[PDB]
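With compact mmCIF, N, CA, C and O atoms inside, this is start.txt:
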# COMPACT_ATOMS: atom_id res chain seq x y z
N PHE R 801 14.66 39.20 -0.70
CA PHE R 801 14.23 37.84 -0.98
C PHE R 801 14.84 37.30 -2.26
O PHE R 801 15.02 36.08 -2.40
N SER R 802 15.18 38.18 -3.21
CA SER R 802 15.79 37.74 -4.45
C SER R 802 17.19 37.16 -4.24
O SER R 802 17.66 36.39 -5.08
N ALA R 803 17.85 37.53 -3.14
CA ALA R 803 19.21 37.04 -2.90
C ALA R 803 19.24 35.56 -2.55
O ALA R 803 20.28 34.92 -2.76
N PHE R 804 18.15 35.00 -2.03
CA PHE R 804 18.13 33.62 -1.58
C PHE R 804 16.84 32.91 -1.98
O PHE R 804 16.39 32.01 -1.28
N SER R 805 16.24 33.30 -3.10
CA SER R 805 14.97 32.71 -3.50
C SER R 805 14.80 32.83 -5.00
O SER R 805 15.39 33.70 -5.65
N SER R 806 13.97 31.95 -5.54
CA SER R 806 13.55 31.99 -6.94
C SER R 806 12.04 31.81 -7.00
O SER R 806 11.44 31.24 -6.09
N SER R 807 11.43 32.31 -8.07
CA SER R 807 9.98 32.33 -8.21
C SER R 807 9.55 31.60 -9.47
O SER R 807 10.22 31.65 -10.50
N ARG R 808 8.40 30.94 -9.38
CA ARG R 808 7.82 30.21 -10.49
C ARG R 808 6.31 30.31 -10.43
O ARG R 808 5.73 30.61 -9.38
N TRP R 809 5.67 30.05 -11.56
CA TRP R 809 4.22 29.92 -11.64
C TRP R 809 3.88 28.47 -11.96
O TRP R 809 4.31 27.94 -12.99
N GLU R 810 3.12 27.83 -11.07
CA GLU R 810 2.73 26.44 -11.26
C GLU R 810 1.22 26.32 -11.14
O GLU R 810 0.52 27.33 -11.10
N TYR R 811 0.70 25.09 -11.09
CA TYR R 811 -0.72 24.85 -10.95
C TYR R 811 -0.99 24.07 -9.67
O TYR R 811 -0.23 23.15 -9.33
N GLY R 812 -2.05 24.44 -8.97
CA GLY R 812 -2.40 23.76 -7.74
C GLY R 812 -3.90 23.80 -7.50
O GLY R 812 -4.61 24.64 -8.04
N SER R 813 -4.36 22.86 -6.69
CA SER R 813 -5.78 22.76 -6.40
C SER R 813 -6.19 23.81 -5.37
O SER R 813 -5.58 23.87 -4.29
N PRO R 814 -7.19 24.65 -5.64
CA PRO R 814 -7.68 25.57 -4.61
C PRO R 814 -8.55 24.91 -3.55
O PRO R 814 -8.78 25.52 -2.50
N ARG R 815 -9.04 23.70 -3.80
CA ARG R 815 -9.86 22.98 -2.82
C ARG R 815 -9.64 21.50 -3.04
O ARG R 815 -10.01 20.96 -4.09
N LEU R 816 -9.04 20.83 -2.06
CA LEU R 816 -8.75 19.41 -2.13
C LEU R 816 -9.80 18.63 -1.35
O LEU R 816 -10.11 18.98 -0.21
N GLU R 817 -10.33 17.58 -1.96
CA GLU R 817 -11.38 16.77 -1.38
C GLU R 817 -10.83 15.42 -0.94
O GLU R 817 -9.83 14.94 -1.47
N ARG R 818 -11.48 14.83 0.06
CA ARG R 818 -11.17 13.48 0.50
C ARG R 818 -12.46 12.80 0.91
O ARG R 818 -13.36 13.44 1.45
N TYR R 819 -12.55 11.49 0.66
CA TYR R 819 -13.71 10.70 1.04
C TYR R 819 -13.23 9.44 1.75
O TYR R 819 -12.46 8.66 1.17
N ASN R 820 -13.68 9.25 2.98
CA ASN R 820 -13.28 8.10 3.80
C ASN R 820 -11.76 8.02 3.92
O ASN R 820 -11.16 6.94 3.91
N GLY R 821 -11.12 9.19 4.04
CA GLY R 821 -9.70 9.26 4.29
C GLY R 821 -8.81 9.18 3.07
O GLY R 821 -7.58 9.26 3.22
N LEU R 822 -9.37 9.04 1.88
CA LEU R 822 -8.59 8.93 0.66
C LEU R 822 -8.88 10.12 -0.25
O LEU R 822 -9.97 10.68 -0.20
N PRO R 823 -7.92 10.52 -1.09
CA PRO R 823 -8.20 11.63 -2.02
C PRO R 823 -9.37 11.28 -2.92
O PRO R 823 -9.45 10.18 -3.47
N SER R 824 -10.29 12.23 -3.08
CA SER R 824 -11.52 11.98 -3.80
C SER R 824 -11.86 13.18 -4.67
O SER R 824 -11.32 14.28 -4.50
N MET R 825 -12.75 12.94 -5.62
CA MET R 825 -13.33 13.99 -6.44
C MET R 825 -14.82 13.70 -6.58
O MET R 825 -15.21 12.60 -6.96
N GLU R 826 -15.64 14.69 -6.26
CA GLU R 826 -17.09 14.51 -6.24
C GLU R 826 -17.69 14.92 -7.58
O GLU R 826 -17.34 15.95 -8.15
N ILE R 827 -18.60 14.09 -8.07
CA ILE R 827 -19.29 14.31 -9.33
C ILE R 827 -20.79 14.24 -9.05
O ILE R 827 -21.28 13.23 -8.53
N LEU R 828 -21.50 15.31 -9.38
CA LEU R 828 -22.95 15.35 -9.26
C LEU R 828 -23.58 15.16 -10.63
O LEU R 828 -23.07 15.64 -11.64
N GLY R 829 -24.70 14.44 -10.65
CA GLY R 829 -25.39 14.25 -11.92
C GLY R 829 -26.84 13.93 -11.68
O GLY R 829 -27.32 13.91 -10.55
N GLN R 830 -27.56 13.70 -12.78
CA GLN R 830 -28.96 13.33 -12.72
C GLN R 830 -29.30 12.42 -13.89
O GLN R 830 -28.77 12.58 -14.99
N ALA R 831 -30.19 11.47 -13.63
CA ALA R 831 -30.64 10.57 -14.68
C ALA R 831 -31.44 11.33 -15.73
O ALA R 831 -32.14 12.29 -15.43
N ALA R 832 -31.32 10.88 -16.98
CA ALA R 832 -32.05 11.51 -18.06
C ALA R 832 -33.55 11.34 -17.84
O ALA R 832 -33.98 10.39 -17.18
N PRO R 833 -34.37 12.24 -18.37
CA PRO R 833 -35.82 12.10 -18.19
C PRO R 833 -36.32 10.77 -18.75
O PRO R 833 -35.86 10.31 -19.79
N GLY R 834 -37.26 10.17 -18.03
CA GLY R 834 -37.75 8.85 -18.38
C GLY R 834 -36.87 7.71 -17.92
O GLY R 834 -37.21 6.55 -18.18
N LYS R 835 -35.76 7.99 -17.24
CA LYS R 835 -34.85 6.98 -16.73
C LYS R 835 -34.75 7.10 -15.22
O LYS R 835 -34.68 8.21 -14.68
N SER R 836 -34.74 5.95 -14.54
CA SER R 836 -34.69 5.93 -13.09
C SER R 836 -33.27 6.18 -12.59
O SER R 836 -32.29 6.06 -13.34
N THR R 837 -33.17 6.53 -11.31
CA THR R 837 -31.86 6.72 -10.70
C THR R 837 -31.05 5.43 -10.71
O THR R 837 -29.83 5.46 -10.86
N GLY R 838 -31.72 4.29 -10.54
CA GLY R 838 -31.00 3.03 -10.46
C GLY R 838 -30.20 2.74 -11.72
O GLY R 838 -29.01 2.42 -11.65
N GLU R 839 -30.83 2.86 -12.89
CA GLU R 839 -30.14 2.52 -14.13
C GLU R 839 -29.06 3.54 -14.45
O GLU R 839 -28.00 3.19 -14.98
N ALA R 840 -29.30 4.82 -14.14
CA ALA R 840 -28.25 5.82 -14.32
C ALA R 840 -27.05 5.51 -13.44
O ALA R 840 -25.90 5.64 -13.87
N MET R 841 -27.30 5.08 -12.20
CA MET R 841 -26.20 4.74 -11.30
C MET R 841 -25.46 3.49 -11.79
O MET R 841 -24.23 3.42 -11.69
N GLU R 842 -26.19 2.50 -12.32
CA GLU R 842 -25.52 1.35 -12.92
C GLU R 842 -24.64 1.77 -14.09
O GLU R 842 -23.51 1.29 -14.23
N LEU R 843 -25.15 2.66 -14.94
CA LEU R 843 -24.35 3.13 -16.07
C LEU R 843 -23.10 3.86 -15.58
O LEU R 843 -22.02 3.71 -16.16
N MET R 844 -23.25 4.66 -14.52
CA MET R 844 -22.09 5.34 -13.96
C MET R 844 -21.07 4.34 -13.43
O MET R 844 -19.86 4.54 -13.59
N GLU R 845 -21.54 3.27 -12.80
CA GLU R 845 -20.63 2.23 -12.32
C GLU R 845 -19.90 1.56 -13.47
O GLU R 845 -18.68 1.33 -13.40
N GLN R 846 -20.61 1.24 -14.56
CA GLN R 846 -19.94 0.66 -15.72
C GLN R 846 -18.92 1.62 -16.30
O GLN R 846 -17.83 1.20 -16.71
N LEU R 847 -19.25 2.91 -16.37
CA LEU R 847 -18.29 3.88 -16.87
C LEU R 847 -17.05 3.95 -15.99
O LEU R 847 -15.92 4.03 -16.49
N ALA R 848 -17.24 3.91 -14.67
CA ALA R 848 -16.10 3.90 -13.76
C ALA R 848 -15.28 2.63 -13.90
O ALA R 848 -14.07 2.64 -13.65
N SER R 849 -15.92 1.52 -14.30
CA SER R 849 -15.20 0.26 -14.45
C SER R 849 -14.07 0.34 -15.47
O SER R 849 -13.14 -0.46 -15.41
N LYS R 850 -14.14 1.28 -16.41
CA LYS R 850 -13.13 1.42 -17.45
C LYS R 850 -12.01 2.38 -17.08
O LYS R 850 -11.12 2.63 -17.91
N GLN Z 151 8.41 -8.25 5.19
CA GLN Z 151 7.44 -7.96 6.25
C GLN Z 151 7.16 -6.47 6.32
O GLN Z 151 6.01 -6.06 6.51
N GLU Z 152 8.19 -5.65 6.17
CA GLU Z 152 8.01 -4.20 6.23
C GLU Z 152 7.06 -3.72 5.15
O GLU Z 152 6.16 -2.92 5.42
N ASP Z 153 7.24 -4.21 3.92
CA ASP Z 153 6.40 -3.74 2.82
C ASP Z 153 4.94 -4.15 3.01
O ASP Z 153 4.03 -3.34 2.80
N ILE Z 154 4.70 -5.40 3.41
CA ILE Z 154 3.33 -5.86 3.61
C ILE Z 154 2.69 -5.10 4.75
O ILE Z 154 1.52 -4.68 4.66
N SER Z 155 3.42 -4.90 5.85
CA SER Z 155 2.87 -4.16 6.97
C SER Z 155 2.55 -2.72 6.58
O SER Z 155 1.51 -2.18 6.96
N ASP Z 156 3.44 -2.09 5.81
CA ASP Z 156 3.19 -0.72 5.37
C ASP Z 156 1.96 -0.65 4.47
O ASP Z 156 1.15 0.27 4.61
N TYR Z 157 1.81 -1.60 3.55
CA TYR Z 157 0.62 -1.58 2.70
C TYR Z 157 -0.64 -1.77 3.53
O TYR Z 157 -1.63 -1.06 3.33
N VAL Z 158 -0.62 -2.71 4.47
CA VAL Z 158 -1.82 -2.95 5.27
C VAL Z 158 -2.16 -1.71 6.09
O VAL Z 158 -3.33 -1.34 6.22
N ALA Z 159 -1.15 -1.07 6.67
CA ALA Z 159 -1.41 0.07 7.55
C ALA Z 159 -1.84 1.30 6.76
O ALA Z 159 -2.74 2.03 7.20
N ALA Z 160 -1.24 1.53 5.59
CA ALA Z 160 -1.49 2.74 4.82
C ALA Z 160 -2.65 2.61 3.84
O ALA Z 160 -3.10 3.63 3.30
N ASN Z 161 -3.15 1.40 3.60
CA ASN Z 161 -4.22 1.19 2.64
C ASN Z 161 -5.40 0.40 3.18
O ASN Z 161 -6.46 0.40 2.54
N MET Z 162 -5.26 -0.28 4.33
CA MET Z 162 -6.30 -1.19 4.80
C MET Z 162 -6.72 -0.89 6.23
O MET Z 162 -7.89 -1.04 6.58
N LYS Z 163 -5.77 -0.48 7.07
CA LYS Z 163 -6.06 -0.35 8.50
C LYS Z 163 -7.11 0.72 8.77
O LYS Z 163 -8.04 0.49 9.54
N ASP Z 164 -6.97 1.90 8.16
CA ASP Z 164 -7.87 3.00 8.47
C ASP Z 164 -9.31 2.67 8.06
O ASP Z 164 -10.25 2.94 8.82
N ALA Z 165 -9.49 2.09 6.88
CA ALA Z 165 -10.84 1.74 6.43
C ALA Z 165 -11.44 0.63 7.27
O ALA Z 165 -12.63 0.67 7.60
N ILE Z 166 -10.65 -0.38 7.63
CA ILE Z 166 -11.17 -1.48 8.44
C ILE Z 166 -11.56 -0.98 9.82
O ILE Z 166 -12.61 -1.35 10.35
N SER Z 167 -10.72 -0.14 10.43
CA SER Z 167 -11.04 0.40 11.75
C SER Z 167 -12.27 1.29 11.71
O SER Z 167 -12.90 1.50 12.75
N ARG Z 168 -12.61 1.81 10.54
CA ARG Z 168 -13.76 2.69 10.37
C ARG Z 168 -15.00 1.93 9.92
O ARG Z 168 -16.06 2.54 9.74
N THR Z 169 -14.90 0.61 9.75
CA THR Z 169 -16.03 -0.21 9.35
C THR Z 169 -17.02 -0.35 10.50
O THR Z 169 -16.66 -0.28 11.67
N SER Z 170 -18.29 -0.56 10.14
CA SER Z 170 -19.34 -0.70 11.14
C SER Z 170 -19.09 -1.91 12.03
O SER Z 170 -18.80 -3.00 11.55
N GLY Z 171 -19.22 -1.70 13.34
CA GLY Z 171 -19.07 -2.77 14.31
C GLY Z 171 -17.64 -3.07 14.70
O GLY Z 171 -17.44 -3.90 15.60
N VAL Z 172 -16.66 -2.44 14.08
CA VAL Z 172 -15.26 -2.70 14.40
C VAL Z 172 -14.84 -1.79 15.55
O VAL Z 172 -15.09 -0.58 15.53
N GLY Z 173 -14.19 -2.38 16.55
CA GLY Z 173 -13.68 -1.62 17.67
C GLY Z 173 -12.22 -1.28 17.48
O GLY Z 173 -11.87 -0.41 16.68
N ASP Z 174 -11.35 -1.96 18.22
CA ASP Z 174 -9.91 -1.75 18.12
C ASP Z 174 -9.33 -2.69 17.08
O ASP Z 174 -9.60 -3.89 17.10
N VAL Z 175 -8.53 -2.14 16.17
CA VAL Z 175 -7.83 -2.91 15.15
C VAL Z 175 -6.34 -2.82 15.45
O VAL Z 175 -5.77 -1.73 15.48
N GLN Z 176 -5.71 -3.97 15.68
CA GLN Z 176 -4.30 -4.03 16.05
C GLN Z 176 -3.49 -4.45 14.83
O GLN Z 176 -3.72 -5.51 14.26
N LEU Z 177 -2.53 -3.62 14.45
CA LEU Z 177 -1.66 -3.94 13.32
C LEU Z 177 -0.51 -4.82 13.78
O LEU Z 177 0.19 -4.48 14.74
N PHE Z 178 -0.32 -5.95 13.11
CA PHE Z 178 0.83 -6.82 13.38
C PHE Z 178 2.00 -6.36 12.51
O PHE Z 178 2.51 -7.08 11.65
N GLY Z 179 2.44 -5.14 12.78
CA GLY Z 179 3.47 -4.51 11.98
C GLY Z 179 3.54 -3.03 12.27
O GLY Z 179 3.16 -2.58 13.36
N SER Z 180 4.03 -2.27 11.29
CA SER Z 180 4.15 -0.83 11.44
C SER Z 180 4.18 -0.17 10.07
O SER Z 180 4.53 -0.80 9.07
N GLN Z 181 3.79 1.11 10.04
CA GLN Z 181 3.86 1.89 8.81
C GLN Z 181 5.31 2.25 8.50
O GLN Z 181 6.16 2.30 9.39
N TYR Z 182 5.58 2.51 7.23
CA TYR Z 182 6.86 3.10 6.87
C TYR Z 182 7.04 4.44 7.56
O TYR Z 182 6.12 5.25 7.64
N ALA Z 183 8.25 4.65 8.07
CA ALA Z 183 8.70 5.96 8.52
C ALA Z 183 10.04 6.22 7.87
O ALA Z 183 10.80 5.29 7.59
N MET Z 184 10.33 7.49 7.62
CA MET Z 184 11.65 7.84 7.11
C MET Z 184 12.66 7.59 8.22
O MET Z 184 12.75 8.37 9.17
N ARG Z 185 13.40 6.49 8.12
CA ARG Z 185 14.39 6.13 9.11
C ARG Z 185 15.73 6.73 8.71
O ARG Z 185 16.23 6.49 7.60
N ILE Z 186 16.30 7.53 9.61
CA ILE Z 186 17.64 8.07 9.47
C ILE Z 186 18.50 7.34 10.50
O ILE Z 186 18.46 7.66 11.70
N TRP Z 187 19.25 6.35 10.04
CA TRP Z 187 20.12 5.55 10.90
C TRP Z 187 21.47 6.25 10.94
O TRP Z 187 22.27 6.14 10.01
N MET Z 188 21.72 6.99 12.02
CA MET Z 188 22.92 7.80 12.14
C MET Z 188 24.11 6.96 12.57
O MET Z 188 23.97 5.98 13.30
N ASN Z 189 25.29 7.36 12.11
CA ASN Z 189 26.54 6.70 12.45
C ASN Z 189 27.34 7.59 13.39
O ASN Z 189 27.75 8.69 12.98
N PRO Z 190 27.58 7.20 14.64
CA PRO Z 190 28.33 8.09 15.54
C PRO Z 190 29.72 8.40 15.05
O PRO Z 190 30.22 9.51 15.28
N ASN Z 191 30.38 7.46 14.37
CA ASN Z 191 31.71 7.72 13.85
C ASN Z 191 31.67 8.82 12.79
O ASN Z 191 32.51 9.73 12.79
N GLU Z 192 30.70 8.75 11.88
CA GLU Z 192 30.58 9.78 10.85
C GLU Z 192 30.23 11.12 11.47
O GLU Z 192 30.75 12.16 11.04
N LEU Z 193 29.35 11.13 12.47
CA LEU Z 193 29.01 12.37 13.14
C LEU Z 193 30.24 12.98 13.80
O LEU Z 193 30.45 14.20 13.73
N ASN Z 194 31.06 12.16 14.45
CA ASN Z 194 32.29 12.66 15.06
C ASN Z 194 33.25 13.18 14.01
O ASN Z 194 33.93 14.20 14.23
N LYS Z 195 33.34 12.51 12.86
CA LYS Z 195 34.25 12.95 11.81
C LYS Z 195 33.92 14.37 11.36
O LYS Z 195 34.82 15.16 11.06
N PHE Z 196 32.63 14.71 11.31
CA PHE Z 196 32.17 16.02 10.88
C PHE Z 196 31.80 16.93 12.05
O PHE Z 196 31.17 17.96 11.84
N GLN Z 197 32.17 16.56 13.28
CA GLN Z 197 31.93 17.40 14.45
C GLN Z 197 30.45 17.64 14.68
O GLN Z 197 30.05 18.69 15.21
N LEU Z 198 29.60 16.69 14.29
CA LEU Z 198 28.16 16.84 14.35
C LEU Z 198 27.58 16.04 15.51
O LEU Z 198 28.26 15.24 16.15
N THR Z 199 26.29 16.26 15.75
CA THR Z 199 25.55 15.65 16.84
C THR Z 199 24.15 15.34 16.34
O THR Z 199 23.67 16.01 15.42
N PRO Z 200 23.47 14.34 16.90
CA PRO Z 200 22.06 14.12 16.52
C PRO Z 200 21.18 15.33 16.75
O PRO Z 200 20.14 15.44 16.09

For this file, write the structure as structure tokens.
Amino acid sequence: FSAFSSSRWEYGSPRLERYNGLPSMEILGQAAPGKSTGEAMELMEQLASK
Amino acid sequence: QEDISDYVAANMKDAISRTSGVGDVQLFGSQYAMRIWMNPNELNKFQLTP
């Protein structure tokens, strides 16, 4: 194999995700105590907006 | 036309066809494909065939 090949070390994903047919990455979280899911989700949306 | 059709097909068609209540979605165009436009004269010059 050395006569017709070369070797390298690179980086690759061991598990690739997709959502609705597009490449995706899943993030799980939870709202801080005393805070509802709605406001935490709004904050997450604002963070994604940037 | 090719670029707009490719964008619609590769970024819009799949999601629209997967939307609730949508049946058949007909693209007025086509996706990009790697087109190899062969020249018979050049193939003959190099003794090649498709």

- Query: Rounded to one decimal in Å, what is the spacing between CA of residue 175 (chain Z) and CA of residue 158 (chain Z)?
  - Reply: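 Calculated distance between CA of residue 175 (chain Z) and CA of residue 158 (chain Z) is 11.6 Å.
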
Please return, as a JSON list (two decimals) with N, CA, C and O atoms, keeping the file's coordinate frame, all residues of chain Z lying within 8 Å of chain R when all atoms listed in the file are considered.
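See result-v1.json below for the written result:
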[["chain", "number", "residue", "atom", "x", "y", "z"],
["Z", 160, "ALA", "N", -1.24, 1.53, 5.59],
["Z", 160, "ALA", "CA", -1.49, 2.74, 4.82],
["Z", 160, "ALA", "C", -2.65, 2.61, 3.84],
["Z", 160, "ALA", "O", -3.10, 3.63, 3.30],
["Z", 164, "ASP", "N", -6.97, 1.90, 8.16],
["Z", 164, "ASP", "CA", -7.87, 3.00, 8.47],
["Z", 164, "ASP", "C", -9.31, 2.67, 8.06],
["Z", 164, "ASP", "O", -10.25, 2.94, 8.82],
["Z", 165, "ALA", "N", -9.49, 2.09, 6.88],
["Z", 165, "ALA", "CA", -10.84, 1.74, 6.43],
["Z", 165, "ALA", "C", -11.44, 0.63, 7.27],
["Z", 165, "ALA", "O", -12.63, 0.67, 7.60]]

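Of note, CA of residue 849 (chain R) and CA of residue 167 (chain Z) are spaced 26.5 Å apart.
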
- Report the distance between CA of residue 847 (chain R) and CA of residue 831 (chain R) in Å, rounded to one decimal place. 14.2 Å

- Task: Kindly indicate which residue among Z:192, Z:176, Z:169, Z:182 lies nearest to residue 155 (chain Z), using only C-alpha atoms for the distances.
- Result: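 When distances to residue 155 (chain Z) are compared using only C-alpha atoms, the smallest one comes from Z:182.
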
- Message: For the alpha helix (DSSP H) assignment from backbone DSSP, which residues of chain Z qualify? Please present them as number ranges by chain.
- Response: Z: 152-158, 164-167, 190-195
